[PDB]
Amino acid sequence: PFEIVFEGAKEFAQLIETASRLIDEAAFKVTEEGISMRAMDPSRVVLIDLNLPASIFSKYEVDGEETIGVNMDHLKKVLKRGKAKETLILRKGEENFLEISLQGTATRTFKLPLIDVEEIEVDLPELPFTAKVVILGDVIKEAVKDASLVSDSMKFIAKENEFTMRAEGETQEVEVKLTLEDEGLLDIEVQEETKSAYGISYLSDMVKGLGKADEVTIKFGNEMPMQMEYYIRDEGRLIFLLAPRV
Amino acid sequence: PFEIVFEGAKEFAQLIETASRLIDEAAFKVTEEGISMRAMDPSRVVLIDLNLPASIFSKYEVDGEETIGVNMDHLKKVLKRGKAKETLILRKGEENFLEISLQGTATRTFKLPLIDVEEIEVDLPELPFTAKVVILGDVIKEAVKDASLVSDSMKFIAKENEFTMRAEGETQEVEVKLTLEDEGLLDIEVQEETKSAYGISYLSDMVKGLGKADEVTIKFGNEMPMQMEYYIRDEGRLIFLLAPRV
Amino acid sequence: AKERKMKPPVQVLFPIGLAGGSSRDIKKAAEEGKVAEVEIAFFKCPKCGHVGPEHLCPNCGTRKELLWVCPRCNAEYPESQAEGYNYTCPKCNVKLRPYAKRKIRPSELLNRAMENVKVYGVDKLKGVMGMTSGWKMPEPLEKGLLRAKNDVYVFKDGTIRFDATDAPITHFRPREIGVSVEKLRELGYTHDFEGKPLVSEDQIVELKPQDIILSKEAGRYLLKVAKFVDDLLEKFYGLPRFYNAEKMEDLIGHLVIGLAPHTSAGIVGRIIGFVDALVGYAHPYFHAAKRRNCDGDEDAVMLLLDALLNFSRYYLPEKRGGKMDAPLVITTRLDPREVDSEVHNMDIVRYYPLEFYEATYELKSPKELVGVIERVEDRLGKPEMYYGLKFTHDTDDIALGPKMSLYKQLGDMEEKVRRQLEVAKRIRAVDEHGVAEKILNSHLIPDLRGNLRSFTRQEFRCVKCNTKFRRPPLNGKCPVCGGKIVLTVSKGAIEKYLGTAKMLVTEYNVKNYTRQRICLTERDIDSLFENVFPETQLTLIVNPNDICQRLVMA
Amino acid sequence: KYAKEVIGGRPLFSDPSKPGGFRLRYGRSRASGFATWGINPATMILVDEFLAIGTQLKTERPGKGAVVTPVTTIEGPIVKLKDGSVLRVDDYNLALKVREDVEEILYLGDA
Amino acid sequence: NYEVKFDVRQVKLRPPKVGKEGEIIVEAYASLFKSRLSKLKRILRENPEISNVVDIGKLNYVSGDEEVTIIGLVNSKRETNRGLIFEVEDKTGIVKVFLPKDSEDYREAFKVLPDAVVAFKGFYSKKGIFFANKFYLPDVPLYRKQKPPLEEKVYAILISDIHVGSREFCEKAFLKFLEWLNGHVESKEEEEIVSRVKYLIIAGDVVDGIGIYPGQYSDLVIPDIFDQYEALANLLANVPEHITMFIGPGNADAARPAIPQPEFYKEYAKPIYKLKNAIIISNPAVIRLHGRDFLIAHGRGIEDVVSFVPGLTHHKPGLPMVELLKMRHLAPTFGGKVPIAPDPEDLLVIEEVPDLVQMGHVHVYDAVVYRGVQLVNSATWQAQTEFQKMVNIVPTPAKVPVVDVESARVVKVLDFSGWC
Amino acid sequence: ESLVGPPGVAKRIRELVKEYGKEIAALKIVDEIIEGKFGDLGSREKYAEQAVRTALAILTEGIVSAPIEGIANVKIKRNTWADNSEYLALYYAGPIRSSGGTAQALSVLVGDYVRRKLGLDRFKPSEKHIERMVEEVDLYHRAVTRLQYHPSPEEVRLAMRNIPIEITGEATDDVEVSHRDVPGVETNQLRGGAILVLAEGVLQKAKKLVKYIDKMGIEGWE
DNA sequence: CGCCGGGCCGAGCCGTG
DNA sequence: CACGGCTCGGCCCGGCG
Ligand SMILES: [Fe+3]
Ligand SMILES: [Zn+2]
Ligand SMILES: [Zn+2]
Ligand SMILES: [Zn+2]
Ligand SMILES: [Zn+2]
């Protein structure tokens, strides 16, 4: 029996879309600290970790702690119906429904039957990540879209003070180098030579929904999963975990 | 073993698209004078004549003269990935690859395996062209899009100080008249009565990619091919040659 | 209770060739102004000399004589002339064809159609890729326009059919079918089955032989057929309207020809009401004389005046008389003698006699007591075949109950089997946990294995050069086409049931033979492609207790 | 015979001649009789609405291919609710009321 | 002195990527026939009699009077009243060839299997047909060098189609085989043979498998694939350790569902890998024993040769083997009853002319030399299956070919069917 | 009368069924057919056609399409392998399966009766006829469509020796056979029409068939 | 606000089971 | 006899503009 009030519903709908393009259902671990999400793709190739501290909400009213079970598709269509500045509200009382209130010029109320979600909890804390880089959003977004031309597996190469991406197919070749000197490369933390490869499809699901004013974190080691991260209103950030190939 | 530097990659990609929508492969006669293109559709109905004087390039470095053979489709996807102001570079050394460098906010390098092109050279100099007209781009673009409604063959009629277009189908009739008095008709050079007909499809492939600030030249005679022309950065202009019908 | 739509939906019998595109939509070919090359028949206005594939003249409006063609000399002869020549050329020893591969201007024709019937707002007008009838005489376009305008589909003879699973009845309570007792007094139904005078809407009346209670589907479609037949009477033939149907309950009393598949003699019937289910009821003499088995068979139901106005043998395909056929003749009077056999065994007793119930216990074969219980063979010849039947058990409603099977609202095989075998845990009787799987599990094994065996022996085929080379051309190009060859039985097919079949094995006690067969077929699917789809994407959470690996660890 | 083939999605309702399947009642309702069966609509609902008014369930005793058609007077299923109570469910509307708590269908009831 | 010369694990293949998965496959078969055409083409062009080779697409540039040779894949094979009408296809294009009834190799062209690589010498009519006079199959060297004799006689033995676990398995006869190798023999001659046999080979179906055909379950004495291979291990374990065994899968083993077959699935076939004195080889495989070239196949395609060649009947299975040796390819049919797995590079092609050919899988014993080649079909150990009855099959169980290494020849056809 | 004629035949058939029933009136009408009471048909094979069609029509009560969709043709052939004597050859088609075995089986009976009325001879197949036919049985049952009753080969040769008329027609599937190019069988493919009429017909319903023989007293079927 | 490149869906369209 | 996968146009966009 809670209520929640979040402003800028279009943003929240965007991020919920982001989580949506990989999994179809998911549960929301609502605690008085904040709203939490954590789930994995069907393929067991990517891990979506959503963290929402209550501070971000214009109002945050939780009485206890409970897990919501919702159809990410239905919620995605619903939240997608919100716009730029209309206010989002999330209410839940006794009954087994979630009430979404979009109030901008007017109030609109939706109800979503909650669905049971068999939870498979796999918490994966910090791991041996050789290199760690921060980079503007549109840099990586452009890059992935480029590797979409020539292949389906994008290879990452992290060298001392230099970050380079690449991909090769039958004939064509794609390369994207950039270093700290370059503008888009905000930071590089080189411990040593790192190299990996990742499913360009999964990356495309990842980086869609990124403007130029989007900073992204990338930790990873030689032939091991990437962990990507980026903040949301500077408090609650999302983190993906992508297993490499080969 | 050359290198070339052209600014406004999006424009160049646009024109390369223009050439692209008619032919699938083509060779680039690069000379120290400039980059040249010349080819004909599969149907032998249209002739694309590209002329690029070296002056247009912010840097032009050719050592000798050679013919490039490239997949217009692959190059079209590549160049299409450039944007408004990012800088274009074209490099070629010993190996049988073309290196495209898109450097705006960052540098991105692509490589394209060159392909042999069986050259069928047909140079067609000035021919008996009864009428010759200059006209704004969007005028003809609108006009062709209009003739797309009623028929598949657009008829052109050039009379003294008056240019009129038209097309007729089963019951619908489309007419577009305009003269020197009208704003969009920059010039008319009437030698005598001219009339022709042309494939509206081919024209649609032609005029796509034309803003209002686009001047177009049209020379042609009674039942004979049109020659269209328009300049590109005021130095290197493109010229199409369309055979009439009936 | 669907409609009867041809496989490519049709709305007019007029050959168009490729000129309409994929769905052979004639109106595209019209507005696109293309020109067609299709075998057709032309008629010639004797008065004026006009020529065209229509029946009446544009110039003067008289009937136009058929034009015959020599396939050698391409000679054209009006009908009476080719009648003299016995339809064989004078300077060619060949039979005169009625048709010829010709040049059709869909534009001016369709324009003449809209001019004739005064209808313009057709979204599309799906035609026929090619006349298959012998004459290859095309239907007039006007009728196609009227079909499209009302959105009713056509079948190969020119009649509009409506499949419905048929079930029997013999007595009905007018509550059930939604009919006023006065109306039933207008159809003839005087007295209910015990002879008492019909006064109330809860007395069981006896269905007379040729009445049928249609499903409201059939109402909702045959209504459209009624508006069609009106607009065809008026706009095209210039006659008074005939049905004036506005709700479905206007049809009550209008005859429908019930027709089977596989036969060519339909039975005239009368409509007397509607129910809600998807099954068109009828007196079993009807369903028998239509040759049905009523062991689930499905039947066609067209309206009378439609089949009259729109049928002609000339449209009948020439060679493949298939599973459906057309009302070559219609019966107008049941006689249960020459109906069928399977009717002749019905039990028409009001209550089974005591002697029977005691007579079962020693398992007497049925014919040892046929003389006791009345039947239909025990009333043939007499007039009281039609007069009075009976029935042991009342229902409350003929329609009460879930009116659409849960089978059709189930999309994915993955959970199809989860419902199908969701049930069998519920019942005592089925004992899934070992045999609903293994029977069904055996079926899963066979399809996957068959596909796997076949895959390595398949054929190839292009979208445009249907010609599929029993081998890949090294180039990957195609004849006529400069295109690519698609794979016939795609790898998405081989892997289509591994999820389910693996599910069943991990859940339900199934004989080890089939389990090892399935895990083994998993390994075969992988090692069949260990050199085209290499193992690339590692996964981070390994072994969620898969039965294959955890089996092998034993 | 009927259990020979089981297409996916086609439920099996009772093993051959097994007590708990369609208890048999000679008779011929208004609808049934030519070649169809009758059946208590309750048993059409408690099987999660697979059966309808006309779904050809393949039989075994009287002959392959019986259509189904409602007959409300015969006796429908006996079920076991989730809370352990045993309920006789003869009529339709009661079946709609308790379809959700059906923990076990002991007896499919009449045919 | 053995050597596992050719092995399909020994070579590595790489898929050439071009969202749709099917496009990658189609390409993969294309590459398959590609490497076929290159390999067999090269082999034909190692022929002295074959000169003036030309692209088929360039047959317009050659005169109607110049004698040219073409090497191509036989698309189709249509016989008529005046000879044969082929549609050969090389990497450039397609051409229709004709061979008159009265050419020397006309019988050869009669017995060739479709989808092979053949060579024609002849003259291309400008009408659109290549009138050939001489037929060419990759075939075999007619004059081959003898080999240096060995230090002394040493033998190897042929067997195949063990079909363990099937109740048809003639276990007793096999048991007296195992005694037979162990010196418990009845003549001094056989004791000298056994004294010097160092090599044993087994060419497929070493367990009757699972789900191999409808109703296999009725026949399985051991309906557990694990137990099939395991019990097989318990049989073969009793082999004297001073012999080496080579074993290759068939279409019944726990191996690939097409050909070629890299190896047994380790997960299922672990028990036989554990054998100390055995060496697990692929299908096909080739083993050089003292410089001797042993081609070993399980030979699915013999069913093809007899399937398409009326005039080759069973009980004489040396003939089909002669066919497959003559086309230098182990199953050049496609889409029939032999499955060819989409790899890039055809590994089936008989690259080097070997010394001896072992096959099985039809269980009809036979041996025949062709141009210095010892074709041999190590028949079986399975009595006739009911399933084999329904398809008109007649086994010759418990017939063991005995081979000397030196002359590369079969020497003694044991028969043990009396113990079954 | 309106399905398959001839003209006026209904008036007679109503009377003859009024006296004798269905089965008997069938054969009586057959007689008046061959006796020309309804006019001249022309050649002998046209009288065969008419009488066979009207016969089978009256027998199935005209509610099916066997008399039209099924029986492809009717011909008069000669035992050119055996003695060159005449016999009657029935050409079915696949859609005959639609009208079930019984109507199929009755097609045999009329085929036997008509040729007798036309003074024709029994059929006398050679062993290549017979074995090709049984081959058609095994292949057609094996791959094309499972017969309702699959008869043994000996039963098949039994019928093959004991049906005085030929059960044949145009081949229905692209399935080549082994006893190729038998005298008179102008195709080497499976004839599903002849096959089904063979197996699911006289075989699958021989009981009811001899019931009609008994009701008609037609000799040659013991 | 328009366009245009992608997305999502309804349609064949096939195949095979 | 009947299912799913696969590819194809037709609307339905979100982002560039
Ligand atoms: Fe074998
Ligand atoms: Zn006229
Ligand atoms: Zn002529
Ligand atoms: Zn093609
Ligand atoms: Zn084998």
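Within each chain the first residue of the written sequence is number 1 and the count goes on from 1 in that order, possibly differing from the entry; residues lacking coordinates are omitted. Ligands are numbered from 1 and chains lettered from A, in the order in which they are written. Shown here is a subset of chains from a larger assembly, with all values computed for this subset only. Water and hydrogen atoms play no part in the side-chain values, which are based on all heavy atoms of the structure. Residues with missing side-chain atoms are left out of burial classes, side-chain pairs and their counts.

If you check the header, you'll see the entry was determined by cryo-EM and the resolution is listed as 3.77 Å.

Peer 1: Which parts of the structure should I look at to understand the overall build of chain F?
Peer 2: Strands are runs of DSSP state E lasting at least two residues, helices are runs of H or I lasting at least four, and both sets are numbered from the N terminus onward. Assigned secondary structure in chain F consists of nine helices and three strands. When the helices and strands of chain F are listed from N to C terminus, the series reads α-α-α-α-β-β-α-α-α-β-α-α. For the radius of gyration, the atom set is restricted to C-alpha positions; the globular benchmark scales as 2.2 Å times the number of residues to the power 0.38. Taken over C-alpha atoms, the radius of gyration comes to 17 Å for chain F, in line with the 17 Å a tight globule of 222 residues would show. Overall, chain F is about 50 × 35 × 30 Å in size when its C-alpha atoms are taken along their principal axes. Here the term buried applies to any residue with accessible area under 20% of the maximum for its type, exposed to any over 50%, and partly exposed to those in between, with areas from a 1.4 Å probe on protein chains only. Within chain F, the fraction of its 222 residues that count as buried is 53%. A fraction of 67% describes how many contacts in chain F between residues 6 or more apart in sequence connect residues 24 or more apart. Note on areas: these come from Shrake-Rupley sampling with a 1.4 Å probe, and a residue is covered only by the protein chains present in the view. Of the accessible surface of chain F, which amounts to about 9800 Å², a share of 48% is contributed by carbon and sulfur atoms. Looking at chain F, you have 32 positive and 34 negative side-chain charges, and the mean spots of the two groups are 3 Å apart. Here a residue-residue contact requires only that any non-hydrogen atoms of the pair lie within 4.5 Å. The charge count treats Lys and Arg as positive and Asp and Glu as negative. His and the chain ends do not count. By convention, the point assigned to a charge is CZ for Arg, NZ for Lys, CD for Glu and CG for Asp.

Peer 1: Help me out: how do you make sense of the overall build of chain D in this one?
Peer 2: For chain D, the helix and strand inventory stands at two helices and three strands. Along chain D, helices (α) and strands (β) appear in the sequence α-β-β-α-β when read from the amino end. When its C-alpha atoms are laid out on the principal axes, chain D stretches across 40 × 30 × 20 Å. Out of the 111 residues belonging to chain D, those deemed buried represent 54%. Considering only intrachain contacts with a sequence separation of at least 6, the fraction spanning at least 24 residues in chain D is 60%. Accessible surface computed for chain D: about 5000 Å², of which carbon and sulfur atoms make up 48%.

Peer 1: What am I meant to see in the protein's contact with DNA strand G here?
Peer 2: Taken together, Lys80(B), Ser23(C), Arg24(C), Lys126(C), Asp447(C), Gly450(C), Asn451(C), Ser454(C), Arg461(C) and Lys468(C) are the residues near DNA strand G. Proximity criterion: a residue is near a molecule or strand once any of its heavy atoms comes within 4 Å of it. Each atom of DNA strand G within 4 Å of the protein was classed as base or backbone; sugar and phosphate made up 100%. Here a polar contact means two N or O atoms within 3.5 Å. Within protein one must be a hydrogen donor candidate and the other an acceptor candidate, and residues neighboring in sequence count only if both atoms are side-chain atoms. One nitrogen or oxygen atom from the side chain of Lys80(B) is found 3.0 Å from a phosphate oxygen belonging to DNA strand G. Grouping the amino acids of the surface near DNA strand G by side-chain chemistry returns no nonpolar, four polar and six charged. All residues other than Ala, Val, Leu, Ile, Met, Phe, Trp, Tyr, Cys, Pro, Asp, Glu, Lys and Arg, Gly among them, are scored as polar; the first ten of these are nonpolar and the last four charged.

Peer 1: Would you mind showing me how to read the sheet that holds strand 8 (residues 197-203) of chain E here?
Peer 2: Two modes of strand pairing occur in sheets, parallel and antiparallel, and in both the strands are linked by backbone hydrogen bonds. All names here are of chain E. Judged by pairing direction, the sheet is mixed, and its six strands sit side by side in the order 10-9-8-7-16-17 without closing on themselves. Each edge of the sheet is formed by a strand with only one pairing partner; in this case those strands are strand 10 (278-280) and strand 17 (409-415). Ignoring which end each strand starts from, the neighbouring axes of this sheet average 20° apart. Here three bridges tie strand 9 (residues 244-248) to strand 10, and the two strands are oriented parallel to one another. Residue pairing for strand 10: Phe-246 is matched across the bridge by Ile-279. For two strands to count as paired, DSSP must find a minimum of two bridges between them. Only C-alpha atoms enter the line fits that serve as axes; for helices the fit covers just the stretch in contact. Angles between N-to-C directions range over 0 to 180 degrees.

Peer 1: Got a minute to help me understand the interface of chain A and chain C in this structure?
Peer 2: One frequently used descriptor of interface size is the decrease in accessible area upon assembly of the parts. Facing the 13 residues of chain A at the interface are seven residues of chain C. Summed over both sides, the interface between chain A and chain C buries roughly 880 Å², with carbon and sulfur atoms accounting for 68% of that surface. Buried surface area refers to the total accessible area, computed with a probe of radius 1.4 Å, that the two partners give up upon joining, counted for both partners together. Area buried by chain A at its contact with chain C is led by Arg44(A), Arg245(A) and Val246(A), which between them contribute 47% of it. Where chain A touches chain C, the interface holds five residue pairs in polar contact.

Peer 1: Is there a simple way to think about the packing of aromatic side chains in this case?
Peer 2: Centre distance and the angle of the planes are the two values used to describe a pair of aromatic rings. Paired rings are identified among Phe, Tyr and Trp, the last through its six-membered ring, by centres lying within 6.5 Å, and are further divided according to the angle between planes into stacked (under 30 degrees), edge-to-face (over 60) and tilted (the rest). Here the structure, examined in full by the defined rule, presents 49 aromatic pairs over all chains. Where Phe156(B) meets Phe163(B), the ring centres are 5.9 Å apart and the plane angle is 55°; that geometry is what we call tilted. With a relative accessible area of 1%, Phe156(B) lands in the buried category. For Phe163(B), a relative accessible area of 1% gives the class buried. Put simply, the rings of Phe169(E), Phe174(E), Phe177(E), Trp180(E), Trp381(E) and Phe416(E) pair up and form one aromatic cluster. When the ring centre of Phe97(A) is taken as origin, the NZ or CZ atom of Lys111(A), which lies over that ring, is 4.6 Å away. Positioned above the aromatic ring of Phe391(C), the side-chain terminus of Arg350(C) is 4.9 Å from the ring centre. Throughout this description, the term charge over a ring refers to an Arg CZ or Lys NZ atom that lies within 6 Å of the ring centre and within 35 degrees of the ring normal.

Peer 1: Would you take a moment to explain the coordination of the zinc ion (ligand 3) for this structure?
Peer 2: Metal coordination angles have textbook ideals: 109.5 degrees for a tetrahedral set of four donors and 90 or 180 degrees for an octahedral set of six. Residues and elements named next belong to chain C. The protein atoms that coordinate the zinc ion (ligand 3) are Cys-70 (SG), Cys-73 (SG), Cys-89 (SG) and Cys-92 (SG), at distances of 1.9 to 2.3 Å. The donor set covers N, O and S atoms within 2.8 Å of the metal, switching to 3.2 Å for Na, K and Ca, and it leaves out water, so a site may look short of donors. Irregular is the label for any site that misses the other tests, which are tetrahedral for four donors with all angles between 85 and 135 degrees, and square planar for four donors or octahedral for six when opposite donors exceed 155 degrees and the remaining angles lie between 65 and 115. What the four donor atoms of the zinc ion (ligand 3) show is an angle range of 92 to 123° at the metal, which sorts the shape as tetrahedral. Positions of the donor residues of the zinc ion (ligand 3) along the chain correspond to the pattern C-x2-C-x15-C-x2-C. With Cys-73 in the loop between strand 4 (65-69) and strand 5 (76-78) and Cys-92 in the loop between helix 2 (79-84) and strand 6 (100-104), this pair connects stretches of sequence that are 19 residues apart.

Peer 1: Is there a simple way to explain the environment of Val89(D) in this structure?
Peer 2: All names here are of chain D. Mapped onto the fold, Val-89 is located in the loop between strand 2 (86-88) and helix 2 (92-98). The class of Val-89 is buried, set by a relative accessible area of 0%. Linking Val-89 and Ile-78, residues eleven residues apart in sequence, is a C-alpha distance of 5.9 Å. Every residue in contact with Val-89, bar those within four places of it in the chain, is listed here: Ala-42, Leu-46, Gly-76, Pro-77, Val-79, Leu-94, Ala-95 and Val-98.

Peer 1: Looking at this structure, how should I read the interface of chain C and chain D?
Peer 2: With 59 residues of chain C at the contact, the number on the chain D side is 59 residues. Of the roughly 4800 Å² buried where chain C meets chain D, counting both sides, 61% is carbon and sulfur surface. When the area that chain C buries against chain D is broken down by residue, the three leading residues are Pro402(C), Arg426(C) and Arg428(C), summing to 16%. Each reported salt bridge corresponds to a side-chain nitrogen of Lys or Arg within 4 Å of a carboxyl oxygen of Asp or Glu. Inspection of the region where chain C meets chain D yields two salt bridges.

Peer 1: How should the protein's contact with DNA strand H be read in this particular structure?
Peer 2: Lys80(A), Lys10(B), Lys28(C), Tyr407(C), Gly411(C), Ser490(C), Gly492(C), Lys496(C), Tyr497(C), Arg10(D), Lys20(E) and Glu21(E) make up every residue found near DNA strand H. Sugar and phosphate atoms form 100% of the subset of DNA strand H atoms that lie within 4 Å of the protein. One of the side-chain nitrogen or oxygen atoms of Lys80(A) is found 2.3 Å away from a phosphate oxygen of DNA strand H. Within the side chain of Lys28(C), an N or O atom sits 3.3 Å from a phosphate oxygen of DNA strand H. Looking at the surface near DNA strand H residue by residue, the classes come out as two nonpolar, three polar and seven charged.

Peer 1: So what exactly am I meant to see when it comes to the arrangement of the chains here?
Peer 2: Ranking the seven pairs of chains in contact by number of contacts places chains C and D first. A gap remains between chain B and chain E, which never touch, and the nearest two C-alpha atoms on either side lie 13 Å apart. Regarding chain D and chain E, which are not in contact, the minimum distance between any of their C-alpha atoms is 15 Å.

Peer 1: Help me out: how do you make sense of the coordination of the iron ion (ligand 1) in this one?
Peer 2: Residue and element names in this part refer to chain E. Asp-161 (OD), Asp-161 (OD), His-163 (NE2) and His-363 (NE2) make up the full set of protein donors to the iron ion (ligand 1), lying at 1.9 to 2.6 Å. Each of the four donor atoms bound to the iron ion (ligand 1) contributes to angles spanning 59 to 123°, and the resulting shape is irregular. When the donors of the iron ion (ligand 1) are listed by position in the chain, the intervening gaps give D-x1-H-x199-H. Between the iron ion (ligand 1) and the zinc ion (ligand 5) there is a metal-metal distance of 4.4 Å. Pair noted here: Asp-161 is in the loop between strand 7 (155-159) and helix 3 (171-181) and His-363 is in the loop between strand 13 (356-359) and strand 14 (366-370), with a separation of 202 residues, a long-range link. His-363 matches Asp-161 in its accessibility class, with the two residues each being buried.

Peer 1: Even after reading the chapter, I still don't get the packing of helix 2 (residues 22-34) of chain F against helix 9 (residues 206-216) of chain F, so can you show me in this structure?
Peer 2: Axes are the key here: two packed helices are described by the angle between their axes and the distance separating the axes. Residues and elements named next belong to chain F. The N-to-C vectors of helix 2 and helix 9 enclose an angle of 65°; their axes lie 9 Å apart at closest approach. Between helix 2 and helix 9, the crossing angle belongs to the class labelled roughly perpendicular. Of the two elements, helix 2 crosses helix 9, and the hand of that crossing is right-handed. Contact residues: helix 2 offers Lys-22, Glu-23, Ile-24 and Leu-27, while helix 9 offers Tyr-212, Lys-215 and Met-216. An angle below 35 degrees is treated as roughly parallel, one above 145 as roughly antiparallel, one from 65 to 115 as roughly perpendicular, and anything else as oblique. Take the far helix as your reference; a near helix turned counterclockwise from it by less than a right angle gives a left-handed crossing, and one turned clockwise gives a right-handed crossing.

Peer 1: Explain unusual backbone geometry to me, please; I cannot follow it from the model alone.
Peer 2: Residues other than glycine predominantly adopt negative phi, and peptide bonds predominantly adopt the trans conformation. Residue and element names in this part refer to chain E. In this structure, the amide linkage connecting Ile-259 to the following residue, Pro-260, adopts the cis form with an omega of 5°. With respect to the helices, strands and loops of the structure, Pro-260 is situated in the loop between strand 9 and helix 6 (266-273). In the segment running from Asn-283 into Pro-284, the intervening peptide bond is cis, with an omega of -10°. Within the secondary structure, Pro-284 sits in the loop between strand 10 and strand 11 (285-289).

Peer 1: How should helix 8 (residues 192-203) of chain F be read in this particular structure?
Peer 2: Along an α-helix, residues three or four positions apart point the same way, because every turn accommodates 3.6 residues. Residues and elements named next belong to chain F. Here helix 8 lies mainly inside the structure; eleven of its twelve residues are buried. Regarding helix 8, the residues found buried are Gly-192, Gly-193, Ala-194, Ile-195, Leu-196, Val-197, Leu-198, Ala-199, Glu-200, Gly-201 and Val-202. Against strand 2 (86-92), helix 5 (100-117), helix 6 (127-144), helix 7 (153-162), strand 3 (166-169) and helix 9 lie the buried residues of helix 8.

Peer 1: Looking at this structure, I do not really get helix 8 (residues 318-327) of chain E. What am I missing?
Peer 2: Residue and element names in this part refer to chain E. Burial analysis of helix 8 places nine of its ten residues in the buried class, which makes it a mostly covered element. Within helix 8, the full set of buried residues consists of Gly-318, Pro-320, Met-321, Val-322, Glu-323, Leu-324, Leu-325, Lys-326 and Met-327. Where the residues of helix 8 are buried, they touch helix 1 (21-44), helix 7 (302-308), strand 13, strand 14 and strand 15 (373-377). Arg-328 occupies a position one or two residues after helix 8 and carries a positive phi of about 60°.

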